[PDB]
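As a starting point, one isolated chain is supplied in structure tokens, in the form deposited without the named molecule.
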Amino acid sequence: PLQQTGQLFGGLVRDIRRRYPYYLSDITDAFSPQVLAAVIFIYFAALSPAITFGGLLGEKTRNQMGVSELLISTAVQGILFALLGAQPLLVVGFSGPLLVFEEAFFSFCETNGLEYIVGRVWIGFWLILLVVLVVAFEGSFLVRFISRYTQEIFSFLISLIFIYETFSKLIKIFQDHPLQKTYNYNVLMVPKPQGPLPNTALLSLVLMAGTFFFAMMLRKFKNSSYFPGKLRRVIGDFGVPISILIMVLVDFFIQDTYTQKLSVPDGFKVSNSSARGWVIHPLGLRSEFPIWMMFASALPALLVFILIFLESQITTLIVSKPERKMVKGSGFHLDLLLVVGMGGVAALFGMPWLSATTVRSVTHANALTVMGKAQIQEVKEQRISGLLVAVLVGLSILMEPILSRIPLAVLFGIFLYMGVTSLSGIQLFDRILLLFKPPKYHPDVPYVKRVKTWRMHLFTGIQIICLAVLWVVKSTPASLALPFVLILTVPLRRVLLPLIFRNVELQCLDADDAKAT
């Protein structure tokens, strides 16, 4: 999939030739209850980041882009990606790096007297030109140099960041409503409570812990020896929906105590009708857009292209490992074209550009993964689940009476489940656990039986230094430089690691398919 043909758009043509023959199977393979349970899981897993990032974006850009724009962009791009993409298991949505870029660009436009939304339109115009050229010259063949080293470092870092943010949300909940001896019983509740409230933080903790506990218990019950196998596996597939239902019911039957719920906009309208409409004029809304910024938009377009490219291509690498039993093929050129071009077009409507998010896509792949009699047997590779998730995200505004009764704490427990279960296939997480085990308990794997214990521990420790370096970069104002520092790991594996490790050691420790050299 990563070979270079030498023909213009050759990689694009190969990806369509590889995956579109399976299009009929991509509809029939979805006829199973596990696909529906995956739909219900990934619906919340995709809606909650949309609502949170839409709120943050509306706060940080004076609602020039907000919740409604993000929901509509997510729905439309998800529908078009599920209908046309070459790896339908990817989940397309907004991410943290994109939010940071939006903050930086809004600050830049505020400093230079620029219209932020028109600048986004021109960045999107330059994004279309870039992704067409990269796909034309098969630029996605460079993904082959991202080995398991860089992939697993990125995956472990993103999972750790996800878990950290999930816990920080609960910490913020505890800070807003602390445990106090006395409370002001007359507190304004609209739009949000104006002071601390009793029982709120502790009940949020109880809801989050209970949701995580029920999800993990039903995941264990799936592999258990209890009940008939068909009924057991059906309940196990519906583990997350059942956990969400149980905890939402628990919160519903507790009336007096306040908990924060999901809040969607009233209708399909722009977040600021006093600022912009549904179509943004590239020449400007209030003032004339300067000519120099039309060409200077290439540099932010280069940065956004790099961000989306690295995130989406590494996510495609992670979800399409040979050891995950994906027997239908993935298209690196076609998916990149679709994602970046849809983002560039959506910029014209004042809507965010999206990326193939790693935690959401990995969670989607795991929810569709079938476990045999342990060992991965197959994956329900189909387009219906992602299409339904996107459709439900688009319909989220209309189903407010249902979403308004779902607490955020339940979703926090679901996020914790997603974060812990996203670490299963990572060999870096496995080797970190080996640091806390005696060498006689190390598994029979090629990087244990062919590599000395302290050599393997040194290899793992070098990766941890990269993890710390990347974590520091994120927690700095220069957090948009994270893709470049991640890229720097590729020379580290290919130039510096052979200086201290032998070839057989590196083949055992950095193997594309978990092979014994």
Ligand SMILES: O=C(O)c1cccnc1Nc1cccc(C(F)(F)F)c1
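The first residue of the sequence shown is number 1, and the count goes up from there.
We do not show the form solved in complex with the named molecule, though everything after this point is about it.
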Exercise for the section: Find out whether any non-hydrogen atom of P300 is located within 4.5 angstroms of the named molecule in the deposited complex, and reply yes or no. Expected result: no
Practice task
Determine whether any heavy atom of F154 comes within 4.5 Å of a heavy atom of the named molecule in the deposited complex, and answer yes or no.
Solution key: yes
Handout entry: is_contact(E311, the named molecule) in the deposited complex, heavy atom dist at most 4.5 Å
Key = yes
Practice task
Look up in the deposited complex whether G329 has a non-hydrogen atom within 4.5 angstroms of the named molecule, and give yes or no.
Solution key: no
Exercise for the section: Would you confirm whether the three residues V35, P88 and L368 all fall within 4.5 Å of the named molecule in the deposited complex, going by non-hydrogen atoms? Expected result: no
Practice task
Could you work out which of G419, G139, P97, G425 is the residue within 4.5 angstroms of the named molecule in the deposited complex, going by heavy atoms?
Solution key: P97
Handout entry: in the deposited complex, the residue from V445, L307, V319, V134 that sits within 4.5 Å of the named molecule by heavy atoms
Key = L307
Fill in the blank from the handout: Exactly one listed stretch (378 to 386, 140 to 148, 320 to 328, 156 to 164) reaches within 4.5 angstroms of the named molecule in the deposited complex by non-hydrogen atoms, and it is 156 to 164
Exercise for the section: Pull the contact list for 463 to 490: residues with a heavy atom within 4.5 Å of the named molecule in the deposited complex, in sequence order. Expected result: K474, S479, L480, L482, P483, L486
